[PDB]
Amino acid sequence: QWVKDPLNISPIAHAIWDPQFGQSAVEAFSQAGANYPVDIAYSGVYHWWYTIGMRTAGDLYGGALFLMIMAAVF
Amino acid sequence: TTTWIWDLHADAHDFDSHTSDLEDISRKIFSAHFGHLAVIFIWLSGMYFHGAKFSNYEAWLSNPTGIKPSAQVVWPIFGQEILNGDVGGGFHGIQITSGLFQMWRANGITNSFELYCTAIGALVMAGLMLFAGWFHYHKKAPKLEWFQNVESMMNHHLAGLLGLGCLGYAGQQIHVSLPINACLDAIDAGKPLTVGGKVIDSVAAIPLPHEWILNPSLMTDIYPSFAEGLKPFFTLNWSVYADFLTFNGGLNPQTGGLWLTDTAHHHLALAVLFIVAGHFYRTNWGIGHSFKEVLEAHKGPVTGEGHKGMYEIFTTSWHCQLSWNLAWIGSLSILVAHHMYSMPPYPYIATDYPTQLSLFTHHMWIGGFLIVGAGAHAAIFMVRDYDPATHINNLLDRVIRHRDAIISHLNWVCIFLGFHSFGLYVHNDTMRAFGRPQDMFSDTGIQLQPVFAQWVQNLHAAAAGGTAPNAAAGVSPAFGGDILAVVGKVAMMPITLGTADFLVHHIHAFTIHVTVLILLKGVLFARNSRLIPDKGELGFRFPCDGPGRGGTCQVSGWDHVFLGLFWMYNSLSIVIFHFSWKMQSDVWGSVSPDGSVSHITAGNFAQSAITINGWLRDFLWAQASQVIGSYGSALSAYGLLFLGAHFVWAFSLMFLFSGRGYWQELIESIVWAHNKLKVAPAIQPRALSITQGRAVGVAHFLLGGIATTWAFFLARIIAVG
Amino acid sequence: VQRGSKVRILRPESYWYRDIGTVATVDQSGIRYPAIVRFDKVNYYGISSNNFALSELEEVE
Amino acid sequence: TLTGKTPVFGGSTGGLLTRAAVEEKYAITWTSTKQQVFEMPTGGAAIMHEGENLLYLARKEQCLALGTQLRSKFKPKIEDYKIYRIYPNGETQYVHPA
Amino acid sequence: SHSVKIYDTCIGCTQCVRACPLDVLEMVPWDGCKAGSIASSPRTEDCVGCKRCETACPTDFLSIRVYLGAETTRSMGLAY
Amino acid sequence: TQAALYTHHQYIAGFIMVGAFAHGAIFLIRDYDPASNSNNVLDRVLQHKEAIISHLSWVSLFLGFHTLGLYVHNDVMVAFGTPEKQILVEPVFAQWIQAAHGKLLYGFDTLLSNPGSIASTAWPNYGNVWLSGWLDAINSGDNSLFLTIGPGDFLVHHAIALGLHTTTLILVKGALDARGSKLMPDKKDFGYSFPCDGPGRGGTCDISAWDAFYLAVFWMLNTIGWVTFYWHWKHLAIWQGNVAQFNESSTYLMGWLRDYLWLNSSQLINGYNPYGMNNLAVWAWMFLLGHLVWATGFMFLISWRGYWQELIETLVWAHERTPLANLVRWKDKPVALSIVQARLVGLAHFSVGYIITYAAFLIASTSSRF
Ligand code: CLA
Ligand code: CLA
Ligand code: CLA
Ligand code: CLA
Ligand SMILES: CC1=C(/C=C/C(C)=C/C=C/C(C)=C/C=C/C=C(C)/C=C/C=C(C)/C=C/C2=C(C)CCCC2(C)C)C(C)(C)CCC1
Ligand SMILES: CCCCCCCCCCCCO[C@@H]1O[C@H](CO)[C@@H](O[C@H]2O[C@H](CO)[C@@H](O)[C@H](O)[C@H]2O)[C@H](O)[C@H]1O
Ligand SMILES: CC1=C(C/C=C(\C)CCC[C@H](C)CCC[C@H](C)CCCC(C)C)C(=O)c2ccccc2C1=O
Ligand code: SF4
Ligand code: SF4
Ligand code: SF4
């Protein structure tokens, strides 16, 4: 959803799982067009992976699996 | 070397390190005490001379509720004449917060000539103090048995300095200040100006106070029992005097201050109590109690030999007396702060919010500094004047023998108090950030009501007519009652105690107990410990005993005073922050004609002072807008001093975080560049010593930290109050 | 050498490295450091007198 | 193995700990000509006796600090103090003056 | 334990032996200086590392040097 | 994201730069051979080491006396109500470099802003294909490519030069005195990291080369602090459409306190309040956590060891004398932290509290309005 509109969609870093949240903190962190609590990414990995050609979550998933076997190689 | 330059100023007033014998120090101490009284009299003369020549005091006397007290005028140089702000009365100067004006009006002073002769009169008691310290030292010095005559000193200071001062001020109150203030409270109101020819109409039309003395007919139209004279005093038919000696018991609704007829009966009842107390001690005329005999009588089963040795050290050690007298003057100066905000004793001082905040804060800081000095000179006593033969199985011997029980229990109660006071604040920060306000410690969540303090408040609000029957009102409106308002502003209202007051009171209990822990560990371990068995041989003030035994940095009694000064600073910063927020949120503010109080920060203490975020946002961020926005105005000196004190506090961290072995080696590369060329000195430059670098570091930390709060408090309360 | 000559010191651990000093006394006993040299300025703990071997020393005076 | 009177002392909290029972101990013996008052190295005043004295302390530094007090703080001076290191088996090694 | 080293520049002034609060040091006849005595360190296993000996040494640089080594119960100054 | 990425890589570069000097000093103690390296370039920098350190000391003192003096003078002018008496030096050398790279705002018209200069035409080959795209981007007033700089940018570059030179001065003097000085001539015998050499010879607290690492991390964090404060405030002024607020307030230090620190704290510290919370509540909570960690470091830096060792001795006594708890015995004897360790622990709390305070403030002040 971010590559369709990179100017007004905020990137998502990961989901939040904090059982100590109250219910108004769940709604306060359910942001960036998500219905679960998220962190807005500020590392720039969306802008970097979009420029170098990745477009789908399946693109990043095969990249994630490849760095795991590469780490197992090292 | 340059080390001797600082040791000359550091070893200046350490008189018992100059000379051994006890009688010659006592003459230097007695003479220097005259020299300090003269320094006070020169300072006190400057407050009256600047009160008489550089102020708006009579203009303030005409309009006390709408003119700001000012007594400093700034010369027009460099653009700095902008600090002469318009304080009202056609006067351009610096608004003062010392409360000199409200004290002089309670003294019956009405014009600038009575302030001028008091300035000159203080200036000649400065010279007579400087003569009496020269006469009693350089010519005719006293002797040690006169110095050690503590039964006569306690008689002559109870019935004397305290008795004849409380009685002599009751004479000044009844014959001089009670008429003029009953006169000034009439001219302040529209009616009645009762009565006479002259009736009275001007402030200058009030008679000069020797005419109340010369003419007893002037004294009788206000207080009718002055025609009865001095005669029912000697018959003990005393209820006829209930016109200028009242027990009204509260605040005057006209001025906001204490009833000046109550203060005259206060100083009179203490004069009898002090003079009766001054006939307690046995002297040349046979009868009385003796210090030593009443000390050895109190000797019970739990406590060994009891109070043996207590007479010997309190008559042979100047440091034992100085440590104990600093503990009580500092504790009194703190008690002065609590009793002067809540029972405001001067006319139009209670609605002068820049004065009430400044006087609480000043006497808090003086009290905390002197209590730290009590622990300093108690540790000096243990190093220098403590004697093992004086203390065998007495109270001083037995506290040393269970000092590991005392310190480790004080250690535990400090960790308990820090967890169960500060941890409640960060529990509240976390619950509020979580969106769980029902899980907070608050008045609307999990309540921590101060029920013992609320019960004591109920007894003091139901005292008038009950357990104090002959008193009209309660002792202060702060304990309960209705809102007392001078012209537009609250003087004093009930100060409610909820969950936010429970939390901050246990913060105060925590930060005082840690300061006690640092200073009591410094006293009980000054001579030796399990780490340093000969610590008393190394002195009171030494940096360490080397990097061995793991490292023994800051083991001395001096270094516990050094660490105790930071924790005193931490303790009293929260005390004056508690005062400044609670008064602005729940007490001070403007009164409507309908009778509802609009407080300065609008009641936000109960819901914001329970988190650290609320103290940061609603107290520290919100109220600092007056000091950072003051540039280009009359309060711009507070804006510059806010930044300059931030600088000095940060500058201290260079000394506190570093050590001199770095700085001595950097100076080696500087003296090479000085020897390579030119002027390089003969007095060879050194880094500061380890102790001095700690002393320099704690001095700039305390100066930069306190002056930051000073510029923040004064710029806030002058603009908004 | 002769008592009273000005003396330059050429060892690194000394405070008075390449400093000019005044000799107080010399003894012919056979000890490792026979030359008492006084100095105009104190070291880091106030000595101004250190014994030196003449195998370490330079003089111009 | 060592004789001497224990000084008159009510006890304190600064004395021996578990280390004295399981690792190592120290004793200082000295002979005095007067029944006088001395300061304990662990804090507090005690009464030394005429004749042989015996005091058990935790560290060697506490014993040597007492011996420095026995030298410099009394008229006449007390030089004859002996310091022993006591092991838990009972072996008592004379360590000062070595 | 700590390492206490006495160097050949010792003048035999015995001030380091008087300064030691743990009785680590003693004087040995040496005939390598005018005093004929040199400092020695037999009981270095009792040395705490306080460096009071180095403070008392009047030679420039110090004839006695303390090297803080492996920590024991004795060298850490522990009464427990 | 642009604010976070700059501050991330500048603080990491500051930590890496200080560690370059740290291991340069460890080399001089452990691995350096004055027999092999005999009168080479590395032997020679140690021989005039009092000239390098004293010249770093003069540049640090010259910059600090005149950068702070210019800021305080401007502060007194604005506070007295006369903001035209303040000293505003234009950075004419770096404006000339911008004009020399193709910026037309200052009107110097040298090479690459001169259309007929030798460097712009690239005469014998004319292979200047980049030049049209470069001058299009450098004259667009909407990117961060060679921003307009004024008198507020002059003073803060000289504050940065002060921080670069002082941090180098601590690190160089730590490296060059690592083998010895006059206070401690045999310093290489004691290693890279040791507490002190005792209170003798005047006192030798923080004499090791590790201790000059320790002091320089403070000056590094202050330097990257001044760098990233200036980057953030200049960019926050541009992004808010008010570049004049930086140009008016950055010449005196109250403008930095009020219009940058105080003004942009508003949405951060309202991440939770008595009326509720929003998504900035995690940054508000981290902001206060960073103030707490930073201040906890002051305890390890100001209070030193022998206070704490004597305090732990009463706690060891209390455990052994407490029934039901003296059944539980420690394996390791509780002692206070060492002299070196609490300098490290105090620096670690100071540094962690430094980073996460600013990171919470940088992200929450930028993402609240953007
Ligand atoms: C009745 C009060 C009283 C008296 C008579 C004394 C007297 C003494 N004190 Mg004590 N003491 C006191 C209160 C008092 N003190 C308090 C309140 C504290 C806590 C701070 C202490 C803590 C203390 C310590 C830790 C020590 C003493 C020592 C001494 C002795 C030597 C002082 C000296 O020569 O320094 C000379 C005076 C100075 C060097 C003045 C320095 C003032 C500094 C720089 C702060 C100035 C700030 C100033 C107010 C702000 C203006 C800033 C502006 C100028 C820019 C002397 C017996 C020393 C001692 O050895 O006793 C045997 C010692 O080590 N005192
Ligand atoms: C209980 C003690 C006490 C109290 C509460 C007061 C209260 C007052 N005094 Mg008074 N006075 C007193 C004793 C006291 N006085 C003494 C000991 C002297 C010096 C001899 C004076 C000399 C004096 C002068 C010259 C003036 C005042 C003024 C005032 C009024 C305002 C300033 C003030 O002092 O704040 C309140 C002070 C405190 C809360 C601290 C009390 C400090 C004393 C030393 C404690 C005494 C110990 C205690 C009584 C012993 C316990 C006895 C027994 C029950 C065990 C206020 C009503 C001023 C005024 O304008 O009146 C309207 C004024 O100009 N007083
Ligand atoms: C904000 C900074 C800070 C903090 C947190 C501390 C904390 C402490 N100081 Mg220190 N101190 C400080 C600044 C600080 N100080 C500075 C700047 C100096 C230099 C002068 C000192 C010098 C000093 C001295 C001289 C002494 C202390 C003592 C203490 C302890 C007091 C006892 C207590 O309340 O335990 C409870 C602990 C706290 C209240 C800290 C907050 C803990 C929170 C609420 C708990 C949350 C974490 C929890 C355990 C969950 C685990 C998290 C994770 C590990 C999973 C406490 C640990 C004293 C002491 O040791 O007395 C026993 C003592 O004598 N300090
Ligand atoms: C804001 C706090 C602060 C300030 C102002 C300083 C300032 C300085 N540091 Mg320090 N430093 C600090 C915090 C601070 N440090 C901290 C927290 C640490 C970690 C412990 C260090 C660790 C450190 C190291 C390791 C070194 C420095 C050095 C320096 C000097 C750098 C040279 C320079 O810029 O000269 C300009 C001078 C200034 C900026 C200070 C003067 C301020 C004004 C001009 C004084 C005006 C006089 C004043 C009005 C008179 C007083 C009034 C009255 C009481 C008499 C400078 C004095 C270095 C050094 O000394 O090299 C030569 C050095 O090597 N610092
Ligand atoms: C202490 C020590 C050490 C360390 C060192 C270090 C750490 C240093 C660093 C240093 C550094 C870190 C340096 C840097 C430098 C840089 C530079 C110097 C650069 C250059 C540049 C240039 C020259 C450029 C120019 C240009 C421009 C600007 C534009 C374009 C064109 C050109 C390219 C021309 C060691 C290891 C040896 C060891 C021993 C001791
Ligand atoms: C150094 C001081 C020592 C501080 C020690 C602090 C320990 C922790 C405090 C909790 C102990 C008392 O806590 C007590 O609990 C009850 C039950 O939640 C609170 O009750 C509160 O929450 C309950 C939820 O069920 C509500 O129904 C109730 O209306 C509300 O008042 C009390 O207001 C509080 O007084
Ligand atoms: C900075 C610093 C120094 C260096 C500071 C020093 C050496 C103080 C010296 C500064 C003064 C102001 C130098 C002034 C010299 C003359 C008095 C000036 C003569 C001219 C007058 C007329 C003004 C230490 O010595 C030190 C020691 C221990 C722990 C921390 C530190 C520490 O942090
Ligand atoms: S080592 Fe130093 S103190 Fe000891 S005998 Fe030699 S010179 Fe004297
Ligand atoms: S370091 Fe301390 S214990 Fe060790 S020899 Fe020196 S003085 Fe004795
Ligand atoms: S660091 Fe300083 S105070 Fe601590 S033991 Fe070493 S010399 Fe002493």
Side-chain angles (χ1 to χ4, degrees), chain B residues 2 5-6 99 102-108 158 160-170 172-173 177 181 257-260 262-264 266-267 269-271 273-274 277 328-329 332-333 335-340 343-347 349 359 363 543 545-549 651-664 666-667 681 683 685-697, chain D residues 61, chain E residues 1-4 16-17 19-25 39 41 43-44 46-57 64-68 75 77, chain F residues 198 202-203 205-206 215:
Chain B
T2 57
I5 302 303
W6 310 110
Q102 292 87 349
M103 183 191 57
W104 296 336
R105 190 208 177 278
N107 290 133
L158 279 172
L161 193 70
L162 294 192
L164 290 139
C166 280
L167 185 68
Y169 193 60
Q172 154 73 28
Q173 279 195 286
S177 80
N181 280 304
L258 285 178
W259 287 106
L260 300 159
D262 286 1
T263 65
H266 170 83
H267 288 100
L270 264 68
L273 193 49
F274 277 144
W328 285 103
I329 291 297
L332 177 61
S333 181
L335 180 79
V336 161
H338 269 89
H339 283 188
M340 286 188 73
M343 295 162 301
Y346 294 108
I349 206 166
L359 283 172
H363 287 112
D545 201 45
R549 314 178 189 83
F651 184 74
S652 86
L653 310 178
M654 178 158 59
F655 297 91
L656 296 167
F657 297 171
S658 73
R660 73 173 310 276
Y662 174 85
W663 297 101
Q664 189 61 56
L666 178 65
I667 280 167
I683 302 175
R686 297 285 183 244
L688 311 166
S689 75
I690 307 168
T691 295
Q692 162 157 47
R694 294 170 185 159
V696 164
Chain D
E61 193 178 348
Chain E
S1 286
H2 305 321
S3 295
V4 190
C16 66
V17 173
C20 183
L22 270 299
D23 203 62
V24 174
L25 313 160
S41 56
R43 306 162 286 272
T44 46
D46 288 12
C47 174
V48 292
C50 69
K51 297 172 169 278
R52 279 191 214 182
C53 49
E54 296 181 336
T55 308
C57 192
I64 178 160
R65 290 298 276 164
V66 186
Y67 302 94
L68 298 173
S75 82
Chain F
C205 305
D206 284 285
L215 295 166

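Just follow the structure's listing: the first ligand is 1, and inside any ligand the first atom is 1. When reading the values below, keep in mind they use all heavy atoms of this one structure, side chains included, and skip hydrogens, waters and symmetry mates. Each chain gets a letter, A, B and so on, in the order its sequence line appears, and its residues count up from 1.
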Enquirer: Would you say E:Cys50 reaches atom 2 (Fe) of ligand 9 with an N/O/S atom under 2.8 Å?
Expert: yes
Enquirer: Counting heavy atoms only, which of B:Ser333, B:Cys166, B:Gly99 comes nearest to atom 12 (C) of ligand 2?
Expert: B:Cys166
Enquirer: Taking atom 3 (S) of ligand 9 as the point of reference, which of E:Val66, E:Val17, E:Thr44, E:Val48 owns the nearest heavy atom?
Expert: E:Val48
Enquirer: Counting non-hydrogen protein atoms only, what is the nearest one to atom 6 (Fe) of ligand 9? Give residue, atom name and distance.
Expert: E:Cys53 SG, 2.3 Å
Enquirer: B:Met103 near ligand 2, heavy-atom distance under 4.0 Å?
Expert: no
Enquirer: Mark the output for B:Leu164 as yes if a heavy-atom distance to ligand 2 is under 4.0 Å, and as no if none is.
Expert: no
Enquirer: Could you identify the single nearest non-hydrogen protein atom to atom 38 (C) of ligand 2 and state the distance to 0.1 Å?
Expert: B:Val336 CG2, 3.9 Å
Enquirer: I need the atoms of ligand 7 closer than 4.0 Å to a non-hydrogen atom of B:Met654, numbered in the order shown.
Expert: 1 (C), 33 (O)
Enquirer: From atom 13 (C) of ligand 2, work out which of B:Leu270, B:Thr263, B:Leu258 has a heavy atom at the shortest distance.
Expert: B:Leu270
Enquirer: For ligand 2, which atoms sit closer than 4.0 Å to a heavy atom of B:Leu161?
Expert: 20 (C)
Enquirer: Taking everything shown except B:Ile5 itself, do over 12 heavy atoms lie less than 6.0 Å from its CD1?
Expert: yes
Enquirer: Does ligand 9 have any atom that is closer than 4.0 Å to a heavy atom of E:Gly49?
Expert: yes
Enquirer: For atom 4 (Fe) of ligand 9, which protein heavy atom lies nearest, and how many Å away is it?
Expert: E:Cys47 SG, 2.3 Å
Enquirer: Please identify which atoms of ligand 7 are closer than 4.0 Å to at least one heavy atom of B:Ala687.
Expert: 25 (O)
Enquirer: From atom 56 (C) of ligand 2, work out which of B:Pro345, B:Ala106, B:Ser177 has a heavy atom at the shortest distance.
Expert: B:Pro345
Enquirer: Please confirm whether B:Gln173 comes under 4.0 Å of ligand 2, counting heavy atoms of the residue only.
Expert: yes
Enquirer: Which atoms of ligand 2 are found less than 4.0 Å from any heavy atom of B:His339?
Expert: 39 (C)
Enquirer: Only heavy atoms of B:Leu260, strictly under 4.0 Å: list the atoms of ligand 2 that pass.
Expert: 62 (C)
Enquirer: Please identify which atoms of ligand 7 are closer than 4.0 Å to at least one heavy atom of B:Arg660.
Expert: 27 (C), 28 (C), 29 (C)
Enquirer: Is the shortest distance from atom 2 (C) of ligand 7 to a protein heavy atom below 4.0 Å?
Expert: yes
Enquirer: Looking only at protein heavy atoms, identify the closest one to atom 1 (S) of ligand 9 and say how far it is in Å.
Expert: E:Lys51 N, 3.1 Å
Enquirer: Report yes or no: does B:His266 contribute a side-chain atom to a donor-acceptor pair with the main-chain N or O of B:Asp262 at less than 3.5 Å?
Expert: no
Enquirer: Is ligand 9 less than 4.0 angstrom away from at least one heavy atom of E:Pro21?
Expert: yes
Enquirer: Given B:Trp259, B:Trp104, B:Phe274, identify the one with the heavy atom nearest to atom 46 (C) of ligand 2.
Expert: B:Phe274
Enquirer: Using heavy-atom distances, let me know which of B:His266, B:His267, B:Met343, B:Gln102 sits nearest atom 4 (C) of ligand 2.
Expert: B:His266
Enquirer: Using a 3.5 Å cut-off on N or O atoms only, is B:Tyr169 in polar contact with ligand 2?
Expert: yes
Enquirer: Give the contacting part of B:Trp663 toward ligand 7: side chain, backbone, both or neither, where contact means a heavy-atom distance below 4.0 Å.
Expert: side chain
Enquirer: Counting backbone and side-chain atoms alike, is an N, O or S atom of E:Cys20 positioned under 2.8 Å from atom 6 (Fe) of ligand 9?
Expert: no
